[PDB]
Amino acid sequence: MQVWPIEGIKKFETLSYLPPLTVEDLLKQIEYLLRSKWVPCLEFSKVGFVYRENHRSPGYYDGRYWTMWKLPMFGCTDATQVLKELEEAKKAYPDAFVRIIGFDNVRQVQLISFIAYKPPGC
Amino acid sequence: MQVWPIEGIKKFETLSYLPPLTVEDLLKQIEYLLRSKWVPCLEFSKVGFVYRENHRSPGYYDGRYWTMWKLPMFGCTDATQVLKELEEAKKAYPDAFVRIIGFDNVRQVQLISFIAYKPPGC
Amino acid sequence: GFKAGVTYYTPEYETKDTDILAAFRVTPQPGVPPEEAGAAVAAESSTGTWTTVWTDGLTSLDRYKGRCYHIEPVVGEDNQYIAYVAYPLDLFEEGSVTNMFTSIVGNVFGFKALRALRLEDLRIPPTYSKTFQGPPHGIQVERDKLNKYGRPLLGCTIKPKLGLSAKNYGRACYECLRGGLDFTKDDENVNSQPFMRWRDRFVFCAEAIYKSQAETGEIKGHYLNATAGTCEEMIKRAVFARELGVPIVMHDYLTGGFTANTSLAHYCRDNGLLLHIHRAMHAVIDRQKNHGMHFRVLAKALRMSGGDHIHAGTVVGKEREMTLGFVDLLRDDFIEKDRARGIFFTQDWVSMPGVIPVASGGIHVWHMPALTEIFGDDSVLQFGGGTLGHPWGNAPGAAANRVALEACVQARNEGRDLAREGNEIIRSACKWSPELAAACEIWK
Amino acid sequence: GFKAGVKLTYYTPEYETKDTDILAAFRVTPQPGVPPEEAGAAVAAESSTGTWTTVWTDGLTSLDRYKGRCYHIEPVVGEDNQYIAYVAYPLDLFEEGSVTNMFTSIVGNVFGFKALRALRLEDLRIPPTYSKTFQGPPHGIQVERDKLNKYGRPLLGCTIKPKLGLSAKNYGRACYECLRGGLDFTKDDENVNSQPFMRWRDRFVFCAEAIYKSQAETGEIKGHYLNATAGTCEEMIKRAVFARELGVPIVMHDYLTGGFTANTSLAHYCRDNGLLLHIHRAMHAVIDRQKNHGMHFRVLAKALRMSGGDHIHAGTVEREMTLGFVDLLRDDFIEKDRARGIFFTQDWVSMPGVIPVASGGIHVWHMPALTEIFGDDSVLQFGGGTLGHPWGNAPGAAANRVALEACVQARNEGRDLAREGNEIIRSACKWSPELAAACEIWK
Amino acid sequence: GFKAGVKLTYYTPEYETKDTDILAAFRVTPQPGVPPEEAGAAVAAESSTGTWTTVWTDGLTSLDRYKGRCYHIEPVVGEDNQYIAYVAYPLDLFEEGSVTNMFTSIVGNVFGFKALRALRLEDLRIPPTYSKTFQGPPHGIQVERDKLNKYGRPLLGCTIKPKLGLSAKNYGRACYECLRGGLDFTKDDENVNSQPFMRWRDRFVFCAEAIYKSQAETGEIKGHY
Amino acid sequence: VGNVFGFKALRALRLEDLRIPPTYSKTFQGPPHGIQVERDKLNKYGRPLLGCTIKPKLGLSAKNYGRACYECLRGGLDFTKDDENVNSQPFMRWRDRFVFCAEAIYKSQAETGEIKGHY
Amino acid sequence: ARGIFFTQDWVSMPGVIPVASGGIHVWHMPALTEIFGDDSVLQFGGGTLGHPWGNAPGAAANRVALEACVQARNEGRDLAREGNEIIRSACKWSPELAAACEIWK
Ligand SMILES: O=C(O)[C@H](O)[C@@H](O)[C@H](O)[C@H](O)COP(=O)(O)O
Ligand SMILES: O=C(O)[C@H](O)[C@@H](O)[C@H](O)[C@H](O)COP(=O)(O)O
Ligand SMILES: O=C(O)[C@H](O)[C@@H](O)[C@H](O)[C@H](O)COP(=O)(O)O
Ligand SMILES: [Mg+2]
Ligand SMILES: [Mg+2]
Ligand SMILES: [Mg+2]
Ligand SMILES: [Mg+2]
């Protein structure tokens with residue numbers, strides 16, 4: 001019988017329970033986005049999880065929004081371009097978590113979000 | 001006249017005002033659980049006391065629940081087996097508090113809880 | 001056929017599972033046979049009338065009459081008998097202890113043919129008890145809420161009851177709680193008075209509760225007395241306790257009354273507050289063996305009206321059997337008839353939660369073994385002078401009691417006989433606990 | 001210094017009571033081997049600041065200002081072990097306006113002290129300084145007479161029977177017939193609250209129709225004591241509220257079984273809404289029957305006057321003792337009188353009085369005696385005495401009303417009701433067929 | 001000991017019903033090949049504590065205290081595949097005063113079980129210990145007769161038609177004429193709540209005028225549902 | 001469906017579908033939030049949500065019930081759930097269950113960093 | 001053919017998330033994911049509380065199985081045909097899932 005860890009295993013929703021995603025793994029997830037005609041975008045934060053500082057009413061949480069890295073990559077047709085931006089973000093903010101999200105103009109909502117980089121020690 | 005300490009003496013309910021329990025002392029308390037036909041279970045936490053972060057309404061407290069070490073030892077008839085698990089917990093989590101709890105399926109409630117291990121600075 | 005002019009003793013009657021049964025200790029007046037005494041008890045506590053009334057012809061009386069179905073001599077007494085009476089379920093208002101008491105003991109005790117009368121027990125049928133909320137929480141829920149298991153709970157009753165400022169009162173509370181006690185308590189007389197108004201007491205006691213809780217890491221509480229002159233005031237006090245987020249409030253159920261107590265019990269259920277019940281004034285009613293109401297009846301009534309804790313005496317010494325009897329009636333789900341313990345009827349509570357019995361009085365550390373053995377873990381032991389009287393103060397006094405208790409618990413769990421090794425268990429604990437050693441020297 | 005653990009302080013024979021002290025007279029029966037001074041002394045300590053071991057917190061205040069004091073002890077003529085211990089309690093011990101606290105403070109603990117074999121609270125001296133913190137009766141004797149426009153005679157009522165078993169409508173029918181015959185009120189039994197087959201709201205509706213039908217027929221104001229006694233305060237008030245909506249004049253409460261906290265709340269509601277409040281003393285005998293232990297009814301009576309009530313049951317016809325507490329219930333100033341069980345001079349400083357109510361197995365032949373004993377300021381309840389008349393409720397009510405007025409007329413003329421009672425009733429029988437019929441059945 | 005998981009705990013023909021149990025009579029039609037005993041067990045299991053895989057949390061309490069149990073199965077005369085399965089449910093499973101919970105607890109899940117081709121709840125034995133937690137009728141037969149002062153005959157009413165299409169006033173007119181002729185009540189169709197052309201408050205106003213006009217005319221108490 | 005299913009001329013009747021016109025549906029609030037709003041509120045995207053229905057449905061104390069919830073949530077499930085039969089009953093009254101389940105929700109949420117809930 | 005007898009227009013009224021429940025476990029994850037897609041809730045009662053290592057490991061097993069299915073689907077794999085392989089492959093790096101798969105195969 002094995003005990004599930006209580007620390008060092010904090011999560012970032014979808015795909016964060018799989019082993020660390022390799023560059024190839026990430027590329028395929030990004031390609032899924034482009035194939036589905038969704039717009040990829042990078043987001044980063046030095047705080048990786050939700051909290052409740054300003055209110056505790058139903059549905060209210062702080063820390064859901066992170067910061068946008070530049071703008072959504074509209075018209076992107078090369079998944080490699082997204083990786084390029086991820087590398088730039090990591091270079092500028094090596095101490096920040098970076099996730100890849102996706103927007104769909106047809107459904108008119110954000111509909112994808114997965115962690116792509118975690119700072120050393122996080 | 002002697003003054004009761006204000007620090008370094010935080011408690012863990014039943015039996016925590018007694019001197020540190022020896023291995024022999026611990027086995028006797030476990031056997032009591034077994035003779036009483038109750039099910040022993042280990043619980044651990046890196047936070048040893050109660051607090052009120054999410055609410056302050058009557059009867060609500062955070063920190064009452066700790067994390068379960070594996071599962072309740074149903075059918076256990078050897079107090080030594082409980083000791084074995086306590087040692088594994090201490091080895092896996094030397095910086096966490098570990099307590100032994102008990103459940104009774106007749107009264108249908110948890111009915112035992114005493115500290116069994118405190119780190120090297122608590 | 002009317003007939004103006006000037007039916008209750010039925011030994012052939014078979015009780016219904018919906019009947020409320022009563023066991024009355026009756027002392028007939030001279031020249032009054034016990035059979036006549038029994039009928040009077042039943043008639044005067046139900047449909048009996050001195051003269052014939054034509055309105056009886058508009059309904060079916062044998063459907064609403066109380067019936068004395070059995071009478072037996074009292075062991076030892078020469079003119080005392082136990083008369084058993086059955087009352088139809090339809091006579092009682094659902095969820096009202098006030099009506100149950102009014103219906104059964106509201107009139108019969110003043111009947112001329114009865115020199116003396118005492119209600120010993122009541123068989124509350126499930127069909128009637130299910131119409132009551134009962135304890136706001138009950139034994140098991142309380143232990144889970146406070147995260148306390150495997151030992152009696154400990155509390156200190158603050159003294160002097162009257163005379164301290166709200167702040168000095170709260171200071172005493174903090175010191176008691178930080179030393180190891182689970183609760184501190186307001187005296188039954190402490191409501192709101194000149195020099196110590198209730199809201200000020202609530203504020204300082206709340207500060208004390210939280211200061212001690214933060215220091216020790218264990219959940220603490222103070223029985224904040226909400227007993228008041230009016231229901232509006234009583235609720236007002238419970239409301240502020242709720243705002244403060246404290247775990248428990250208190251009520252003197254007999255002096256405040258059942259209508260008010262039930263209202264308070266409902267409020268506590270709706271707001272997650274534990275309810276400590278003090279039995280002030282009970283001895284005015286339950287002390288004499290020949291007249292009144294035995295405490296076990298008042299205890300069942302409280303469980304039905306609502307309370308999480310209830311004082312059960314001191315039972316201290318080495319009455320024991322009678323106390324264990326009503327303690328079971330208060331805590332257990334099913335209690336079999338046991339005359340040796342004052343249990344006249346088998347009582348089935350059909351899952352209504354139990355109430356934690358509270359032991360109090362002039363008890364101290366040397367009584368810990370006996371108290372633990374008598375009550376077991378599901379009890380609250382209150383030490384007033386036994387804490388505030390410690391030579392080193394409240395915190396050390398609390399520690400002495402907590403240590404003495406855990407020593408007894410440890411010994412009992414290991415299989416030792418508290419009823420025989422009690423003193424030795426305490427003496428052994430004195431070896432490593434200076435606080436306990438100091439307490440034992442003063443009260444031995 | 002605070003040193004230690006485990007009649008020298010609580011027995012003060014020359015203490016002079018203060019006008020603000022609450023005084024108590026306890027009938028004490030000491031255990032064998034216990035001096036009466038220690039007995040009376042323990043009564044004081046155990047009903048105040050007693051403590052088995054010394055506590056340092058006592059040094060943070062002045063306990064002598066909070067202790068009860070036994071200032072006098074005397075034997076009860078005829079007992080080798082029964083005495084009356086007088087105790088004085090400081091005003092500061094009591095919460096203003098709370099009978100609940102007064103009872104808790106004085107009788108909440110002492111009765112179980114084992115050095116005492118038996119204890120009975122006989123009387124309490126309620127100081128004006130404390131009674132002025134209580135509303136008292138919602139209306140009181142004088143206001144009630146003015147509201148109902150009834151003067152010069154005891155009021156009359158009928159307690160409906162059978163208490164349980166009748167439908168709300170049949171119940172109301174019985175009420176109408178009683179009221180139309182001459183009775184001022186009809187009444188719910190103490191046990192009648194809300195039950196299967198007769199729920200309270202239905203009873204209130206039909207009784208209201210009965211009240212108004214009989215009032216319109218006779219031209220005299222009528223009422224029915226609608227019992228608001230309930231399991232919770234919310235329910236109790238809910239019932240008083242509907243009575244208010246119906247516009248009826250009076251409601252009822254079983255003060256001891258419902259409790260003082262609830263009773264005080266109801267008395268307040270009645271004052272705020274112009275409702276008279278009839279108080280039934282159900283369960284009092286559990287406490288006040290035995291001379292050796294408990295609380296005498298006069299204490300429970302004073303407590304009710306304080307908590308609030310316009311009527312209060314007082315018996316059925318001991319004599320001297322009854323006249324004593326009746327005065328305590330009705331008058332403004334009552335001088336001490338041991339012959340009538342009045343242990344303390346009682347000054348009510350204008351708090352209204354309560355109308356005493358007589359009930360039980362009484363009938364027309366008891367009318368002269370009842371009128372003589374209680375006087376005009378009382379209510380006489382005839383349950384079987386009305387519903388048991390051979391001609392029905394209306395004639396039964398008429399018989400009682402006639403018998404009463406015959407007694408009142410005679411008394412007013414100067415006749416001795418105590419000696420000419422039977423002759424007064426026999427004479428009335430000669431012109432009242434209704435009374436004659438009743439007199440032949442209950443002679 | 002707790003292990004993996006996977007009628008063995010629900011068909012108890014020896015079980016003696018308790019006076020506090022809620023009893024149910026289910027007309028069950030088993031799927032082909034399903035033994036009558038297995039179907040009855042399934043009815044009890046799937047309407048109570050039956051779980052597909054063993055869960056260790058069951059070890060924290062006493063199951064036999066919360067399981068519904070099929071205590072009797074009777075074949076239905078004339079059917080080669082129909083039986084009445086009787087199930088007893090402990091009192092503690094039900095929330096006091098809640099018909100919603102009683103239905104949820106008994107018929108909330110079992111009717112969809114694949115092993116049962118068809119299932120029909122025929123009756124329920126409501127124990128006094130449970131029914132006493134319910135208010136029941138606001139008034140009931142006897143109180144109603146006393147309130148309306150009507151005795152010795154069935155009451156009479158007319159259900160207004162057309163249910164929809166009349167103005168509130170024309171509707172009330174129809175009511176008045178019915179009541180004045182000798183009927184005790186007039187009635188709103190089950191479909192008549194509040195709709196375009198006849199809003200509820202307007203209907204209540206005109207029906208009230210009709211109730212009182214007819215009552216004053218006849219001298220008998222009138223009403224409109 | 002209020003009256004027709006009982007007509008004797010029909011041996012059996014089943015309503016299969018209803019065409020709700022926009023003119024009628026627009027008079028209803030509809031879902032308090034709906035699929036998209038829920039995903040945004042919980043900050044969960046790209047996968048089905050996961051939950052565990054607590055068992056045994058009846059028999060556990062409110063606290064033991066809550067303990068089971070905490071352990072389920074901390075392992076990766078988004079929600080834990082009350083059985084349809086679990087409302088308020090002897091041994092597990094609703095307010096006690098709410099208190100303990102709330103402690104479980106917040107303990108697991110703080111531990112994992114993901115938003116948690118209990119039906 | 002799918003029981004839709006009328007064209008239904010909801011004119012922007014929000015949708016409701018469908019919930020799958022019953023005797024389902026890790027091996028059903030691929031099928032469940034393919035049938036309902038992302039906008040659904042999958043309830044695992046016995047499928048969690050029945051895991052040999054307890055609730056936390058049970059939850060982890062279900063969360064891992066689901067994300068493995070989601071990942072594979074996103075890459076373009078056929079869940080209806082490669083389901084078992086997707087789960088078996090995930091068992092290699094997830095002891096929790098491996099334990100679950102051994103119990104309910
Ligand atoms: O303040 C206190 O210390 C208690 O209230 C005390 O005065 C009381 O005497 C005991 O609790 C026993 O009383 P009972 O046996 O009457 O409960
Ligand atoms: O219902 C009634 O007819 C009365 O309630 C009656 O039962 C009662 O016996 C008398 O009122 C005297 O009672 P007390 O003297 O005890 O008040
Ligand atoms: O407690 C549970 O585990 C569920 O509530 C379960 O008992 C129910 O059978 C499924 O939810 C499917 O039922 P339906 O398909 O009928 O919804
Ligand atoms: Mg006290
Ligand atoms: Mg009466
Ligand atoms: Mg219709
Ligand atoms: Mg379910």
Side-chain angles (χ1 to χ4, degrees), chain B residues 4 11 13 17 58, chain C residues 142 146 148 152-191 196 198-227 237 240-241 244-252 273-278 308-309 311 356 358-361 363-364 379-390 392-402 405 435, chain D residues 51 53 55-58 60-61:
Chain B
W4 194 247
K11 302 300 184 180
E13 288 302 333
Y17 276 73
Chain C
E142 184 171 333
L146 305 178
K148 298 175 186 289
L153 299 181
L154 295 169
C156 170
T157 306
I158 304 302
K159 301 177 184 303
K161 58 180 68 194
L162 331 175
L164 298 181
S165 59
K167 177 171 175 178
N168 285 357
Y169 192 96
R171 179 186 291 292
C173 292
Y174 160 60
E175 293 296 334
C176 288
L177 296 172
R178 88 182 194 79
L181 299 185
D182 303 299
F183 309 111
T184 36
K185 170 180 180 295
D186 278 348
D187 186 78
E188 69 267 26
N189 298 351
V190 173
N191 293 179
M196 180 161 70
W198 76 270
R199 201 178 182 293
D200 294 329
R201 183 174 73 258
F202 280 38
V203 169
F204 290 113
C205 285
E207 192 189 332
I209 289 171
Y210 296 131
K211 187 184 181 69
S212 55
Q213 177 168 299
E215 182 185 313
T216 65
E218 300 184 334
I219 296 170
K220 306 290 184 179
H222 179 84
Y223 315 151
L224 294 159
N225 207 339
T227 303
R237 299 174 192 189
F240 187 49
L244 288 171
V246 295
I248 184 166
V249 297
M250 168 184 174
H251 190 227
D252 305 339
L273 288 163
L274 287 169
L275 178 57
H276 180 83
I277 301 296
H278 189 284
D308 295 315
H309 296 179
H311 283 248
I356 300 178
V358 182
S360 64
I363 49 179
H364 50 72
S379 62
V380 182
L381 310 178
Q382 288 291 310
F383 293 89
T387 298
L388 300 149
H390 190 285
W392 303 352
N394 296 358
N401 289 314
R402 180 62 179 274
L405 182 59
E435 290 66 40
Chain D
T51 307
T53 196
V55 298
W56 66 274
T57 46
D58 283 355
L60 304 180
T61 187

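Reckoned from all heavy atoms, side chains included, excluding hydrogens, waters and symmetry mates. Naming convention: chains lettered A, B, ... in sequence-line order (proteins, then strands); numbering from 1 in each chain.
- Distance check, rounded to the nearest 0.5 Å: NZ of C/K185 to CE of C/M250 gives 3.5 Å.
- In this view, C/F202 and C/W198 satisfy the ring pair (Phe, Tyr, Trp, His ring centres under 6.0 Å) rule, not counting sequence neighbours.
- A heavy-atom distance below 4.5 Å is found between the side chains of C/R402 and C/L154.
- Residues satisfying the ring pair (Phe, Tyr, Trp, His ring centres under 6.0 Å) test with C/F383, not counting sequence neighbours, are none.
- Annotation: side chain to side chain donor-acceptor pair (under 3.5 Å) contacts of D/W56 (sequence neighbours excluded): C/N394.
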Could you check C/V380 against C/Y223 for side chain to side chain contact (heavy atoms under 4.5 Å, CB included), going step by step and ending with a plain yes or no?
CA-CA 12 Å; C/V380 182; C/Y223 315 151; 3.3 Å; yes

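- Note that CD of C/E215 and CG of C/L177 are 10.0 Å apart. Values are rounded to the nearest 0.5 Å.
- Here C/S360 pairs with C/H311 under the side chain to side chain donor-acceptor pair (under 3.5 Å) rule; sequence neighbours left out.
- The ring-ring contact (aromatic ring centres under 6.0 Å, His included) with C/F183 is formed by just one residue from the set C/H276, C/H309, C/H222; it is C/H309.
- Judged purely by atom type and a 3.5 angstrom limit, D/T61 uses its side chain to pair as donor or acceptor with the backbone of C/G163.
- Taking the side chain as every heavy atom from C-beta outward, C/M196 and C/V190 approach each other to under 4.5 Å.
- No side-chain donor-acceptor contact under 3.5 Å links C/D187 to the backbone of C/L162.
- Here D/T53 pairs with C/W443 under the side chain to side chain donor-acceptor pair (under 3.5 Å) rule; sequence neighbours left out.
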Could you walk me through whether C/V249 and C/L275 pass side chain to side chain contact (heavy atoms under 4.5 Å, CB included), step by step?
CA-CA 5 Å; C/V249 297; C/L275 178 57; 4.1 Å; yes

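- With sequence neighbours left out, C/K220 forms a salt bridge (charged side-chain N to carboxylate O under 4.0 Å, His left out) with C/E218.
- Each salt bridge (charged side-chain N to carboxylate O under 4.0 Å, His left out) pair with one or both residues in residues 199-212 of chain C, not counting sequence neighbours, appears once here: C/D186-C/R201.
- In this structure, C/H390 contributes its side chain and C/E435 its backbone to a donor-acceptor pair below 3.5 Å.
- The shortest distance between side-chain heavy atoms of C/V203 and C/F240 falls below 4.5 Å.
- In this structure, C/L388 CG and D/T57 OG1 are separated by 5.0 Å, a value rounded to the nearest 0.5 Å.
- Every residue meeting the side-chain contact (heavy atoms from CB on, under 4.5 Å) condition with B/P58, not counting sequence neighbours, appears here in chain and number order: C/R242, C/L273.
- Taking every heavy atom of both residues into account, C/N401 and C/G386 meet most closely at ND2-O, 3.3 Å.
- Under a 3.5 Å cut-off, the side chain of C/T227 and the backbone N or O of C/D252 do form a donor-acceptor pair.
- With sequence neighbours excluded, the residues forming a side chain to side chain donor-acceptor pair (under 3.5 Å) with C/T157 are C/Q382, listed by chain and number.
- Remark: C/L153 CG to C/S379 OG distance equals 7.5 Å, nearest 0.5 Å.
- Taking both residues in full, the closest heavy atoms of C/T387 and C/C156 are given as CB-SG, 3.8 Å, listed atom of the first, atom of the second, then distance.
- Across all their heavy atoms, C/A206 and C/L244 have their closest contact at CB-CD1, 4.0 Å.
- Summarising the geometry, atom SG belonging to C/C173 is positioned 12.0 Å from atom CZ belonging to C/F204; distances are rounded to the nearest 0.5 Å.
- Atom-to-atom distance recorded for D/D58:CG and C/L164:CG is 8.0 Å, nearest 0.5 angstrom.
- Legend: residues meeting salt bridge (charged side-chain N to carboxylate O under 4.0 Å, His left out) with C/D182, ordered by chain and number and at least two apart, are C/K148, C/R151.
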Run C/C205 and C/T184 through side chain to side chain contact (heavy atoms under 4.5 Å, CB included) and show every step you take.
CA-CA 9 Å; C/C205 285; C/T184 36; over 6 Å; no

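- Looking at C/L405 and C/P152, their side chains come closer than 4.5 Å, going by heavy atoms from C-beta outward.
- Take C/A395 and apply the side-chain contact (heavy atoms from CB on, under 4.5 Å) test, not counting sequence neighbours, and it matches B/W4, C/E175, C/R178.
- A pairwise comparison of heavy atoms in C/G155 and C/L181 identifies C-CD1, 4.0 Å as the closest pair.
- Listed by chain and residue number, B/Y61, C/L146 satisfy the side-chain contact (heavy atoms from CB on, under 4.5 Å) test with C/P247 (two or more places apart in sequence, or in another chain).
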